[PDB]
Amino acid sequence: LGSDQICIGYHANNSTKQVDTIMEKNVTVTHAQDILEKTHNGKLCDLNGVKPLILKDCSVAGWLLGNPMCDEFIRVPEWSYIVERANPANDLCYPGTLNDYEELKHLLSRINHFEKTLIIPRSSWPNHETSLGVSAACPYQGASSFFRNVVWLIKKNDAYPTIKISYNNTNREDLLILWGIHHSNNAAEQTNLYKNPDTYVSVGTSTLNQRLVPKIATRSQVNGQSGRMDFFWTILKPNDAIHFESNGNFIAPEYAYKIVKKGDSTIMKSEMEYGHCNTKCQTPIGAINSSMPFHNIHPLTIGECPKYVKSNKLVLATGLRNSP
């Protein structure tokens, strides 16, 4: 009816999405975009197509030394990370110690090939007693036994002749070897078990030069045992040899492990179980799949992850101010 018109304007829609701005808060807008990743799948997954090593009720130590309840094993022989329960129930059945445990675990966190092999058989201790090295602390089928991958040698007849043995690694691969020494409780036990009262365990490679001596003393019971067993380890390079010598208290290797390492990783503490998935970024409460630059799920990631922040939203405006 009146004069003709043309207006300039801009669109608007039903969006309730809000955004903030250095100068203004809670500004409604056409379209927006959260760049903060907030979701995970609730699962333990492979890491770039490699399954992790999930010890169930075992510690790395229990697993390696072959605690009788960990040899529910058969595996692996390759993994991207390790996952332990917070308090795995089967650690060192016979109480004691594994030297440089933490560094060992780190070394073992991501392994490219791993294989148990018989290194010195139980039938190469003709003058010592192999089958009596057993304990109620460390039981299997109701019968009491011991770490399966190592041998608690005791005296035969009334003698413990001095052991001088050596093993040459003739494999392509580095190999990881564990032995130990037993700390007895008093003069009687040490004689009863080993005859000789003043004993040692010495170990040499091209690198290693150790000599261990049992501390005979009184300690409080752990798993009903005041005795104590300290273990040690080394990586015997190909074509090197390890040299053992002992006149008592020796906990001798039977099996050892072939290892090849090329890559680092770490140990995850989580109560979950394998979820038959795959991810680039794993957390203890679940895996994250995104290209978003930040996340807020969990700080202990392993993988290639967005950057962890204390934030609930990172909302970027793409549209315009939206009026009523």
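Residues carry their position along the shown sequence, with the first being 1.
- According to the PDB record, 133-141 carries the higher mean C-alpha B-factor of the two stretches 90-98 and 133-141.
- When the mean C-alpha temperature factors of 172-180 and 124-132 are read from the deposited coordinates, 124-132 comes out higher.
- When the C-alpha B-factors of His298, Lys38, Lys269, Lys262 are read from the PDB record, the largest value belongs to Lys262.
- Comparing the C-alpha B-factors of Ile82, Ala159, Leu208, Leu212 in the entry, the top value falls on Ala159.
- When all modelled residues of the chain are sorted by CA temperature factor, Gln5 is found within the middle third.
- Compared with the other modelled residues of the chain, the Cα B-factor recorded for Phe250 ranks in the lowest third.
- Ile74 sits in the highest third of its chain by CA B factor, as recorded in the PDB entry.
- The PDB entry assigns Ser311 a C-alpha temperature factor belonging to the lowest third of its chain's modelled residues.
- Among the modelled residues of its chain, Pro68 has a C-alpha B-factor that falls in the highest third, as given in the PDB entry.
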